[PDB]
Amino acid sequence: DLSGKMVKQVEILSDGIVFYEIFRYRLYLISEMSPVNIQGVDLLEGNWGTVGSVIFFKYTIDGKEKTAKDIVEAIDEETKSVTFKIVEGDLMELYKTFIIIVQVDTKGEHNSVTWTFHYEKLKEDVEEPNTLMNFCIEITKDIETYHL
């Protein structure tokens, strides 16, 4: 009914490991790398790149400035995956819950990044998050090109 799930995978020409490392550790870099979408990232709790570390995001979606408070909820070094739960901010006005997993395929010649959302809507007339997903693909591209 209200639960839902959205997945996109996009190939990256840059290096997959360095990509992963950004989302795991140096997440304070998405600003310099995709400035248009991400105004700032602060670390509120714990250390960069730990499960349970809590981050505030200042970002822009379609010319509307927004805020998210996330908590890193899992890391898998083996599948180069890192999950984020969204606990406060503009999305929480549309969704009861929202998880974002970013997973990177770094084996072989061709590297990829898969984005997965898991979410539950407050109501049925709340919209599927394609705008958020386009937002992500877009950041993914910025990072890919940044110094290329």
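Don't overthink the numbering: it's just position in the shown sequence, from 1.
| query | If you average the CA temperature factors over each stretch, which comes out higher, 66-74 or 105-113? | reply | Stretch with the higher mean C-alpha B-factor: 105-113.
| Between the two ranges 124-132 and 18-26, the one averaging a larger CA B factor in the entry | According to the PDB entry, the answer is 124-132.
| query | Checking the entry, which one of 82, 61, 87, 54 has the top C-alpha B factor? | reply | Reading the PDB entry, the winner on C-alpha B-factor is 61.
| Where the record places residue 44 (Cα B-factor, split into thirds across the chain) | Middle third - that is where residue 44 ends up once the chain's C-alpha B-factors are sorted.
| task | Would you please rank residue 33 by its C-alpha temperature factor against the other modelled residues of its chain and give the third it falls in: lowest, middle or highest? | result | As the PDB entry reports it, the C-alpha B-factor of residue 33 lands in the highest third of its chain.
| query | What third of its chain's C-alpha B-factors does residue 99 belong to: lowest, middle or highest? | reply | Lowest third - that is where residue 99 ends up once the chain's C-alpha B-factors are sorted.
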